[PDB]
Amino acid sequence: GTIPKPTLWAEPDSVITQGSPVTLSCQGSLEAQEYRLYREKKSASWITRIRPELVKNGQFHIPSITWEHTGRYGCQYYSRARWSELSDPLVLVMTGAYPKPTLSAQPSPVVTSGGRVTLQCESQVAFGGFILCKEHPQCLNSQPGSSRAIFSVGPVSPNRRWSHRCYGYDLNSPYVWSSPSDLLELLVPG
């Protein structure tokens, strides 16, 4: 016999500026007796149980997010004399840990019809990698380390907003990102 899989949710979001609060809540059944929350920094590595003293009836409130908190979380609860399966994973990212890079389009944010545009994400300090996000933002990463990364984007549709930001990060902390670049809006004429 099984008990329902729990849900793990983050409030206010899964992506949090350094030093800002976030609450991770494991939702078990209403009869849940005990909870275990876990964090993984990378795949097929250690699994850390969040210390029980940090968690109150399944709620891990983080008043001020730090490097240590980032990573992939999962949880389980105990009911009817068994531990549940693990929740679906939740990824917690901290932004704002480095100065923001600059994101620019070449030759310009106006894309040729049917074509693509060259984007440059540039930083004053070298990063292990860069991230391009299109605004639930969808993000891709590229190697530069070095101080800039080049991204191709397109084709761009005439009827849709096409808004991008970029971040830098280091390879040994892939869930800790810079402050985001300013927004870049691409468009095609018409």
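Residue numbers run from 1 along the displayed sequence.
Unmodelled stretch separating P144 from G145: 1 to 3 residues (count of deposited-sequence residues without coordinates). Unmodelled residues of the deposited sequence between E135 and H136: 4 to 9.
For the two regions 77-85 and 111-119, the entry's Cα B-factors average higher over 77-85. Higher mean CA temperature factor, per the PDB entry, when comparing 59-67 with 124-132: 124-132. Comparing the C-alpha B-factors of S152, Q33, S45, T48 in the entry, the top value falls on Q33.
When all modelled residues of the chain are sorted by CA temperature factor, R161 is found within the highest third. Placement of the Cα temperature factor of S173 within the chain: middle third of the modelled residues, per the deposited record.
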